[PDB]
Structures are given as structure tokens and as C-alpha cells.
């Protein structure tokens, strides 16, 4: 079955909004979809335990009815690097557990989207990064580019490191994090030339709750 890892040019650039758009497009195409956020930091207390908003968005945008822990096995309250809060709470983040969770979703879904945390090299322990896990799993990567000053450099750095790891950069998504600026079209043209993967679509600036907006229409899944 189809599996994709979604990374971003940084944290706070649109990975989650773009991931919901991708999931909606896959559902429209007839797939049995599932979103997976194996590691999440920055979560709120509920009667059932900690709940992360990215994980909730991926759960709500899956075509299948999935239990929260299946979408997000590792949940930390504080919004910092996973390795830091993991060490402080004495809750190791294990590659094998993250992989087992992906296999469990593949039991019922034929199209799985995995959202990373932060950018490409976010640490999970003092000797293991998210990039190490993606490399182990050999997942094709989708790059979410938050369109803003400095995004060209971040997109190029990320694309180069992914290719060096021997991984496939399956495509990129342009996310309009702010209202239209002066050099928007020139930035889009530059990003299109420089990123060695197909532009899958552009998500417009949607001020109010973009995670629940009908955004699947902005993704062309036939390019993926």
C-alpha cells in the first residue's frame, strides 16, 4: 500500500494543514486513508490523557475511524524538541514502536500519510533523529514549503539532505501561511525550478480553521 512521510521547511509552516489536504484528496480518489503522527509534543490534558492537535486533525481527516493512540502513540505535553521532553519524563521514543504503529495502520488503510515533527532533523533521542527513522522505513517524502522569506534556502537544504540519504523526494506542497505578498509569483517560480520533485498543489491563505477547510481540491494526486 501507499505510504508518504510529510516533512516541512521548519516547524509552524503548514505540515498539518497540508497533510489534511493530502488526506482529503486521497479520500476523494477512493483510498482508505489513515494519518499517522507517531511523535507529538505540545498537547492538552483531557479525561483520556494528553491529546495533540496535529494528531486530532489527522484523525479527523482519515477516511477510517481510528483510535487516538493508533494515530499518535507518543504524546508529550510540552511543546519542545521531542528528545528533550522524552528524556525529562523518562519515556524513551523507540524506532520499533514507531514502525509497529505504521504497520498497524497498514492493516486497515491502503494510503497512509505520516506527519513528522518540526523539520527533517528533529531529534528523538540523543543518538537518533526523525530522519534516521524515515531512512529506516524508506518512506517517500513530501516537502511542505511555507511560502515566506527564507523558504528557498530551507527548501533546498531539505531537498539536498533527503536525496543524500538515498530517499525519494516524491513532491512538494506550497503553503500560503500569510496573505499574498509582492514577490509571490517569483518565489513560486524559483521554488518550482529548484525543488527536484513535482509541485503537488498550493494551499491558499485560509485564516479561519484551515485544518477543517475543504482543501483536498488544491492537491493534484495524479502528480504524486
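Residue numbers count along the first chain shown, from 1.
**Student:** Can you tell me which stretch has the higher mean Cα B-factor, 17-25 or 206-214?
**Tutor:** Stretch with the greater average CA B-factor: 206-214.
**Student:** Hey, which bit's got the bigger mean C-alpha B factor in the entry, 175-183 or 188-196?
**Tutor:** Mean C-alpha B-factor is greater for 175-183.
**Student:** Kindly indicate the residue among 165, 39, 58, 155 with the greatest C-alpha B-factor in the PDB record.
**Tutor:** The C-alpha B-factor peaks, among 165, 39, 58, 155, at 165.
**Student:** Choose from 159, 170, 69, 64 the residue with the greatest Cα B-factor as stated in the PDB record.
**Tutor:** 64 has the highest C-alpha B-factor of those listed.
**Student:** Within this chain's modelled residues, let me know which third the CA B factor of residue 105 belongs to: lowest, middle or highest.
**Tutor:** For residue 105, whose C-alpha B-factor we compare with every modelled residue in the chain, the answer is the highest third.
**Student:** Relative to the other modelled residues in the chain, which third contains the C-alpha temperature factor of residue 135: lowest, middle or highest?
**Tutor:** Within its chain, residue 135 is a middle-third residue by C-alpha B-factor, going by the deposited values.
**Student:** Of the three thirds of its chain by CA temperature factor, lowest, middle or highest, which one includes residue 127?
**Tutor:** Tercile = middle for this residue's CA B-factor.
**Student:** So where's residue 88 on the chain's Cα temperature factor ranking, which third?
**Tutor:** Top third by C-alpha B-factor.
**Student:** Quick one: classify residue 221 as lowest, middle or highest third of the chain based on its Cα B-factor.
**Tutor:** Its C-alpha B-factor belongs to the highest third of this chain's values.
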